[PDB]
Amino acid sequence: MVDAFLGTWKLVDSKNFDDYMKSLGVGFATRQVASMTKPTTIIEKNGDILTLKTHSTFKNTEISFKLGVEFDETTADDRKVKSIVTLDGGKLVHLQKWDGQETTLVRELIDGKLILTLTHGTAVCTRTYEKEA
């Protein structure tokens, strides 16, 4: 049941995103621009196929996936990963695997805000998105 996540969301807070990017090996110039970027995330469904768009003035991505079915993904920072997205404890959990590394991108709804928690290595980044009408 992912319906409450659907819609258009805009970034309104970010904590520790530089640490997360640095942990992934993102270069300093990309981190600089990324630290000042406010993406718009659009989450749509057609049956159990979700499409998650992330749009910004810097990088854009789009993925489509069936919940619970692995898919290939090429991330905004150009990692080629094996991914799966599932609903777990009411949270939309996106796991990426590559070269034996793992990162999770976890989305949950708290007081009407979408909280995205990004974990890689020890780095834990929390980004907050609010719904656009």
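Start at 1 and count along the sequence shown; that's the residue number.
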Test of understanding: from the entry's C-alpha B-factors, which stretch has the higher mean, 1-9 or 123-131? 1-9
Taking the deposited Cα B-factors and averaging over 12-20 and over 108-116, the higher mean is found in 108-116
Listed options 52, 95, 76, 67: highest C-alpha B factor recorded at 67
Residue with highest C-alpha B-factor in the PDB entry, from 40, 46, 103, 60: 46
Using the B-factors in the PDB entry, rank residue 35's C-alpha atom against the chain and give the third, lowest, middle or highest. middle
